[PDB]
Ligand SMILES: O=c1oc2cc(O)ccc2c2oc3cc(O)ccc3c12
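We begin with a single chain expressed as structure tokens, specifically the form solved without the ligand.
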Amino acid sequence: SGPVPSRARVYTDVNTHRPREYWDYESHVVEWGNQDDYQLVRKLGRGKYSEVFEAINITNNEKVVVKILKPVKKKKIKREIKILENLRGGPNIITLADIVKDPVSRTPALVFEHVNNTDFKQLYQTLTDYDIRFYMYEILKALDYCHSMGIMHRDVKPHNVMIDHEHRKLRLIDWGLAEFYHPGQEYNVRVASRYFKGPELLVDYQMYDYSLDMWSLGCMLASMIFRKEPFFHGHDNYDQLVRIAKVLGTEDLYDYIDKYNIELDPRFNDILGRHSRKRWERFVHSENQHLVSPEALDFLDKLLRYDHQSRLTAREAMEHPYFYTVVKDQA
């Protein structure tokens, strides 16, 4: 008795009708640029892992960002490269400028067009109600695009949203966990950051889709309008689901598990307990009340749902009343 199959409600077959070269990253041949074009200027507080630097293109004195990919699984590298190249020029997507490698160590690096290195996490506490809606809308522009291009980001979080507030420009970055969506395909659930993992990842449901990014976006929104970062603050993957269940309730969780015939890790039995669904108004207080509205709560309610199929798509999200003034001002 295995799990019930699932399909994305939107963009389900975008990759099936595209040439093979588009999504078949393993057959992609990487073309190397000249590493001598670039010199490191200063290290950036990023993943602190596969390390990222501010750099300069000394051939034209343009500022760039360099991401050295150490260690080196070759398959994961080609995936990120292919996705970056596929999405290049798209709305609010970071631009891959070049690909180089150390002639000696053979260690590859990506070179990105320069982006103002303030992340949504640094920016949000100073933003008004309107600005949050504005930037949330901008993020939806990027997600709807990448989803329409048959790609799920799978690592949506404040750290991966670069914002130049001066020029009101936004870029979605770090596509190292991103993947092509193919209807019916089972994916690895060990993706995203713990605080932004969807219930599908936590209960080990592999046939997930773009809607994973929408849960992550919901976590971001909740943390910002309620001023509680991160909103679901688990100490591990197991506790993470517990933190969610204390808000969304255990009844809908078990409805979700039943609906898709999911086999829950038996270790959840003694930790999950029984919890009522909490009204969103419970998280509202004097310090955050200026960021909360009936529209924000309704919008949030339609993102943070166990059932990935029931969550708003990126496109449906952009049509929500929460963004009415933003859309009207854009025209």
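Shifts are known only where both forms have a C-alpha. Note that the rigid core is defined as the largest set of C-alphas that superpose within 1.5 Å between two forms. The numbering used is simple: start at 1 and walk along the sequence shown.
Between the stretches 68 to 76 and 216 to 224, it is 68 to 76 that shows the larger average CA temperature factor. When the C-alpha B-factors of 129 to 137 and 90 to 98 are averaged, 129 to 137 comes out higher. Annotation for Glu319: C-alpha temperature factor in the highest third relative to the rest of the modelled chain, per the entry.
Sort the chain's modelled residues by C-alpha temperature factor and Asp204 lands in the middle third, per the entry. Ranked by Cα temperature factor within the chain, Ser211 sits in the lowest third according to the deposited record. Per the PDB record, residue ranking by Cα B-factor puts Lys278 in the highest third of the chain. Among the modelled residues of its chain, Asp174 has a C-alpha B-factor that falls in the lowest third, as given in the PDB entry.
Separately, the form deposited with the ligand bound exists; it is not shown, and the next lines address it.
When the ligand is superposed onto this form from its pose in the entry with it bound, three or more of its atoms come within 2.4 Å of a backbone or C-beta atom, and the site is therefore classed as blocked. Within 4.5 Å of any heavy atom of the ligand in the entry with it bound lies no heavy atom of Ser148. Interface membership of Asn261, defined by any non-hydrogen atom within 4.5 Å of the ligand in the entry with it bound, is ruled out. In the entry with it bound, no heavy atom of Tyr256 sits within 4.5 Å of the ligand. Proximity of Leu44 to the ligand in the entry with it bound falls within the 4.5 Å heavy atom cutoff. Screening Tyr181, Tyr205, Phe231, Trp175 for any heavy atom within 4.5 Å of the ligand in the entry with it bound leaves a single hit, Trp175. Residues of 88 to 104 placing a heavy atom within 4.5 Å of the ligand in the entry with it bound: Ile94 alone. Looking at CA displacements between the shown form and the other one with the core superposed, a shift of 2 Å or more is confined, among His290, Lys48, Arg282, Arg274, to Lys48. Taking the rigid core as fixed, one finds a CA shift for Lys157 smaller than 2 Å between the shown form and the other one. Relative to the superposed rigid core, the position of the CA of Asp255 differs between the shown form and the other one by less than 2 Å. Relative to the superposed core, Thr118 undergoes a Cα shift of 2 Å or more between the shown form and the other one.
Cα-Cα spacing of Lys121 to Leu217 is enlarged in the entry with it bound versus the present form (difference of at least 3 Å).
Pairwise change in the entry with it bound: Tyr49 and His147 C-alpha atoms lie closer than in the shown form, at least 3 Å.
Considering only residues present in both forms and aligning them on the rigid core, one finds runs of three or more residues with C-alpha shifts of 2 angstroms or more between the shown form and the other one at 45 to 49, 102 to 106, 117 to 122, 327 to 329.
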